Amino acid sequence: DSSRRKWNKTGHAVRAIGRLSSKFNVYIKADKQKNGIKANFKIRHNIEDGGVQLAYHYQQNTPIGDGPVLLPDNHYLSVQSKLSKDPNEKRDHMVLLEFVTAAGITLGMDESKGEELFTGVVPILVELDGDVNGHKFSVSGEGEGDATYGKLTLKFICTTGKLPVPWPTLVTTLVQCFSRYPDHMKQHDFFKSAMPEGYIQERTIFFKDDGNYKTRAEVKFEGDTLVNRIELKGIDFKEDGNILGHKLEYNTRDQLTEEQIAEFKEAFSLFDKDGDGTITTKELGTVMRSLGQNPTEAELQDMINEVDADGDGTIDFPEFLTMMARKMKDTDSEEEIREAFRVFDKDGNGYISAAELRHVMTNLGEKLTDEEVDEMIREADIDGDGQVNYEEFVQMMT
């Protein structure tokens, strides 16, 4: 089991570097000329019997009123969503709990008049009129937002009967003014600064190998209620694809196992060489270099920033756990592991020998004995040739 733990560990570190290089958040930038903002992000929709349907989002927001707004430096929003059902509700519907937090600006230490409209709980009304491939529909929703906690609680109904697209594909269209901006980032909250007059939010959402939604929404106060009024047009969908075919998973209740957390702590340790419970840009750097990469300082800083939910400048184990729960496609993961193979196979002969394995594991800070190295080789060596080929490496690293 201990040669297997060493392979487990190594596979997890290789995958961790890939995930630290991926972009899962909502990336916001200023658009000075338009007195607003742009955003881009990808949503990974789980496909019921396996796989991920990507939805590439592009976004622009512009103020409705004439007053000055806050134009942000580059940052992101991190969103966690739960979709559920009301067992009493006979209409086609969705119950949504969401938490949204601004991050991506590094404080490096542990901890608008519009903003005043958000200091407590605010009631919300949502209205959507859609047309996807000529299928006309309407959604109505109501709830509350509490921007102190970044929290949204809403129930939505399809008021025209059965919803012709899956509910998860509408979540992003169905009030980013309820994001929680940390105290060090209040100057960057464009969304609240545009209130009460509000903003227009426009998106195009490209479902890969399928159709697209284009949306236009007005988000503004009407008296004390924050209202999101939306028109959605979807075109070029496949009648048989994941959207019009209802092939998408509703809720992804999918928490990590105890063994998996156990395995992820061992991977964490391989990064956290000083043992202080944190991974710094330097520690990440050292691991990346022993795996044949040459990241710049700014690239290390960006990688940590992508997962540094608390903005303290380092990755702690909870942050690491969130990151390792990030899905990469079966075939994404794949270039990482190929790269790793080429790094392990020092002479490039297509086999990792025991001497080459030792060399790398040592540089990864496992000091192994002659026997421990042969134990690892034997574990992976399916064809018995005494060395590890690509196909055998894949088996161990996945």
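We number the residues from 1 along the sequence you see.
Residues of the deposited sequence that sit between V175 and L174 yet are not modelled: The entry leaves 1 to 3 residues without coordinates here.
From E111 on to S112, does the model leave out none, 1 to 3, 4 to 9, or 10 or more residues of the deposited sequence? The entry has 10 or more unmodelled residues between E111 and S112.
Averaging C-alpha B-factors over each stretch, which comes out higher, 289 to 297 or 179 to 187? Per the PDB entry, the higher value belongs to 289 to 297.
Determine, for stretches 235 to 243 and 150 to 158, which one has the higher mean CA B-factor as deposited. The stretch with the larger average C-alpha B-factor is 235 to 243.
If I read the C-alpha B-factors straight from the PDB entry, which of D73, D129, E306, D254 is highest? Going by the entry's C-alpha B-factors, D254 comes out highest.
Which one of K214, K273, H93, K220 shows the top CA temperature factor in the record? Among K214, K273, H93, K220, the highest C-alpha B-factor in the entry belongs to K273.
Chain-relative CA temperature factor third for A55: Answer is lowest: the recorded C-alpha B-factor places it there.
Would the CA B-factor of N228 place it in the lowest, middle or highest third of its chain? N228: CA B-factor falls in the lowest third of its chain.
For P164, does the deposited CA B-factor place it in the lowest, middle or highest third of the chain? It falls in the middle third of the chain.
Cα B factor band for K136 (lowest, middle or highest third within the chain): Middle third of the chain for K136's C-alpha B-factor.
Please rank the C-alpha B-factors of the chain's modelled residues and tell me whether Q387 sits in the lowest, middle or highest third. Top third by C-alpha B-factor.
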